[PDB]
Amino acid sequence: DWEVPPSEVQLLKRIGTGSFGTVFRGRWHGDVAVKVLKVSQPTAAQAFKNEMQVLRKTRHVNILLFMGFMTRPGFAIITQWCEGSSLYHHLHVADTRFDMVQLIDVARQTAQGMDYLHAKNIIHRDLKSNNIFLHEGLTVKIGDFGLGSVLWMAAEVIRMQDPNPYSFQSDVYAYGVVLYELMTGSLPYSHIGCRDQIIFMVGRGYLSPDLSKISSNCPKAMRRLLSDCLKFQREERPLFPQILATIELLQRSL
């Protein structure tokens, strides 16, 4: 069993508040991350315990390590503490210098983690560069899965009309935007100031990331893989077994 008594956990500095809850750096057999969920009054509860059974299914080096959960006083998730910064921070805040060999490696490790999740029948539903940690400045850690921001949302998720809007392919499109960040060094729609305009256009197909910013140093097979992940029709987007194999075969031919 993975429930942890709240007496065993000491909460330290607040780190930030996301869409799901607030993250604290904590102490429970070493440094840990504790995400305290939004609401305090537990309605129904079992959904939390059901979500925890999804996190219990993950044992992969590219997946953020789930360590335990707390049901009192509120619902909280305990994960490993990542020392370092997110991929969003490295790309858009600190302007860290990465070679193309490193960008494809991050793209490979991210595909390695997503391929594991989908092989375990797990749709991430909220993949983005903020939820990708470069642990030790070396290993990709994907977090906040099976528990978003419009820049990584597919058109069918924006519309919320089609049957099953969240799928493997919606995760693939989110991965495609992460590829866009790695290859261009910037966020999609870099100077479209209206939030609602960005939404309505993408959902209808009128707008899409600008592949002209893709660095010249990016291999042509990566640009094609990127555009395939960004396709408007979800049925035409490749699954991660193909994405991962495409990158792994491309890397062997440096």
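So that there is no doubt, residue numbering starts at 1 and follows the sequence shown.
The stretch of deposited sequence separating residue 147 from residue 148 contains 10 or more residues lacking coordinates in this entry. The segment from residue 44 to residue 45 is interrupted, since 1 to 3 residues of the deposited sequence in that interval carry no coordinates. Looking at mean Cα B-factors across 80-88 and 155-163, the upper value is held by 155-163.
Higher average CA B factor: 213-221, of the stretches 213-221 and 54-62. Per the deposited coordinates, the residue with the largest Cα temperature factor out of 96, 139, 129, 110 is 96.
Taking the PDB entry at face value, the top CA B factor among 11, 15, 230, 244 belongs to 15. Among all modelled residues in its chain, residue 37 ranks in the highest third by Cα B-factor.
Among the modelled residues of its chain, residue 206 has a C-alpha B-factor that falls in the middle third, as given in the PDB entry.
Per-chain ranking of the deposited C-alpha B factor places residue 102 in the middle third. When all modelled residues of the chain are sorted by CA temperature factor, residue 194 is found within the highest third. Split the chain's modelled residues into thirds by C-alpha temperature factor. Residue 69 is in the middle one.
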